Structures are given as structure tokens and as C-alpha cells.
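Quick heads-up: it's one chain on its own, the form deposited in one PDB entry, in C-alpha cells.
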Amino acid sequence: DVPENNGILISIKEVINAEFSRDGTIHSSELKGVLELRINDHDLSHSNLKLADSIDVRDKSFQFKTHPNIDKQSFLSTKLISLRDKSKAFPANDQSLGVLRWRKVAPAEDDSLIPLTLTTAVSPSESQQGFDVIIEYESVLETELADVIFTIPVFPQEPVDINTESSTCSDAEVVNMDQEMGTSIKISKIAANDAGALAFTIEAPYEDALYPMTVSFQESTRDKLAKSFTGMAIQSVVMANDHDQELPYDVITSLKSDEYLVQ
């Protein structure tokens, strides 16, 4: 996509990195966010977003950073994205305007930025020259994840044997095998707030060959009352001149994994 804009479109994009030990202990995690504004209507040029009253805009752990054209002090005191110069206007050319960034970082053992926890266990197998692997995952997301991709860095000769009534998603299937990348297994759904195991057998020389495992998920929502993973949200859009005059808009809240791995 390059999603459709009916005037003013607000996008809240978050990206999550996360490294775990094999057993499941969080080693690190980093979350980067941005809020962007696309406007394609010169009548909406003189708008002002206002963020949800539930966000602490002074919380230093988010490292909030307003773009320079934006007025940092009304943001900090009022939770209001507005122009530095009251007489000017946002470009109405449908370009993505970055108006606010954030970056949050958790130390070891801190699971506050983790939308999907992971554990792995390996034991040598009977049925293949390799290992029986179990990947246990728990989601803490309000929505579901669709087509989550675990990927194991080996390109076995014998096909991967997905233990099928031991796994939560029974259409769990290998979808890619590559000499470089390894083997990728898709999982159709991980539903909101639920636990799960992907269990399978794979040929490998030794445990170390199976790491790092990597996972890839991604999620979206065009709902107007949707909070991002960290809580970011838009309470309303409003005229620069008259703060009582509401303005029409859609908002897209997304979350992607980037480097999300067990090591």
C-alpha cells in the first residue's frame, strides 16, 4: 500500500527491536516511534493535532523530540502539535511530515517494550538427525498478529516436521527455505493476549547451528480510537485559529518488529 488520504491522515509508526537469551530472559529492547502527518487539502493546512490526554509528554524515557518547525512548548505543556510560527501552515501536498519522534530503551530483564515474548528449548531427536525444537510465545497485544514468521538459520535436506497437535496453529507451515537465510515457518494467527507453542523437528549438526532464531511480525489498524503499543494516540484534530472547531481525519496506528531475535 501507499494508503489512501481523504484530507488529513495521521500515521503512528512504531518499530520494536528485542533480543532474548535462548531460555527467554530479555537481554535488550528498543522501541522507535514516529507520528507523521499527511495533508492533501489546502482547507486543512491550518490544523493542529492534539494528543491523547493519557500520555506523559514530559516522561524522559520516551526521549520525545518534536520536529523543529513544531512548537516544543505547547507540546510539552498542552500535548498539542502546532506550528512554531502561528501565521504559517503545513504543506498541503500530501507529503509525510514528521512531527514527533520517540525512543524508549529497556535494560536486561525488563519486558515493558516486548509485545511478544519468546522462549526456546532444544533436545536431540529420535526421528531426525537433529533437534526437537519448541518455541513458546506469549502476546500482550490487544489485537491479533497475522502471518508471524519464525526463521531458523539452517537449510536442511530432510523436510522440517512440524509437530502438529503439539503446536497451537495447526496450519503452521514452512514457507521459505534458503541457503543464505535458513528456513522460515509461518504461523497464521497469534491472537490477542494468548500463549502458544510452535514445535518442530529439524536436521542440524549441533544446537548452536539453530541460532539466532528470528521472528517477524507486523500489525496495523485504521481505527480512530487506536492507541499504539506504547500508548500514543490522537484525541482530536482542530483548527489553528479556533481550537473548538474539530476537523475530519483518519489515523493509522502500526507496529513492526525489526531485529527481534533469540540468541
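Just so we're on the same page, rigid core means the largest C-alpha set that superposes within 1.5 Å between forms. Residue numbers run from 1 along the displayed sequence.
Trainee: Between 238-246 and 251-259, point out the one with the higher average CA B-factor as the PDB entry records it.
Mentor: Mean C-alpha B-factor is greater for 238-246.
Trainee: On average, are the C-alpha B-factors higher in 170-178 or in 74-82?
Mentor: Mean CA B-factor is higher for 170-178.
Trainee: With respect to the C-alpha temperature factors reported in the PDB entry, which of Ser184, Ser139, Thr120, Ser125 ranks highest?
Mentor: Highest C-alpha B-factor among the listed options: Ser125.
Trainee: Please pick out which of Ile135, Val105, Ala92, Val99 has the largest Cα B-factor as recorded in the entry.
Mentor: Checking the PDB record, the top C-alpha B-factor among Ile135, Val105, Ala92, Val99 is at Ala92.
Trainee: Quick check on the deposited entry: does the C-alpha B-factor of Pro68 sit in the lowest, middle or highest third of its chain?
Mentor: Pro68: CA B-factor falls in the middle third of its chain.
Trainee: Can you tell me whether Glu203 has a C-alpha B-factor in the lowest, middle or highest third compared with the other modelled residues of the same chain?
Mentor: Its C-alpha B-factor belongs to the middle third of this chain's values.
Trainee: Sorting by Cα B-factor within the chain, modelled residues only, which third would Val154 end up in: lowest, middle or highest?
Mentor: Lowest third - that is where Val154 ends up once the chain's C-alpha B-factors are sorted.
Trainee: Is the Cα B-factor recorded for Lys32 in the lowest, middle or highest third of its chain?
Mentor: Ranked within chain, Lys32 CA B lands in the middle tercile.
Trainee: Within this chain, which third does the Cα B-factor at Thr214 fall in: lowest, middle or highest?
Mentor: Ranked within chain, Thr214 CA B lands in the lowest tercile.
Separately, the form deposited in another entry exists; it is not shown, and the next lines address it.
Trainee: When the rigid core of both forms is overlaid, which of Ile135, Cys169, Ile114, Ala106 is the one whose C-alpha moves 2 angstroms or more between this form and the one not shown?
Mentor: The residue that shifts is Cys169.
Trainee: Is the C-alpha displacement of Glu158 equal to or greater than 2 Å between this form and the one not shown once the rigid core has been superposed?
Mentor: Yes, shifts by 2 Å or more.
Trainee: Does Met232 move appreciably between this form and the one not shown, meaning a CA displacement of 2 Å or more on the superposed rigid core?
Mentor: No.
Trainee: Indicate whether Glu203 shows a C-alpha shift of 2 Å or more between this form and the one not shown, with the rigid core used for the fit.
Mentor: Yes, the C-alpha moves 2 Å or more.
Trainee: Quick one: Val215 and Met177 C-alpha atoms, closer or farther in the other form compared with this form (3 angstroms or more)?
Mentor: Residues converge in the other form, at least 3 Å closer.
Trainee: Since the Cα separation of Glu180 and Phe20 moves by 3 Å or more in the other form, tell me which way: closer or farther than here.
Mentor: They are closer; the C-alpha distance drops by 3 Å or more in the other form.
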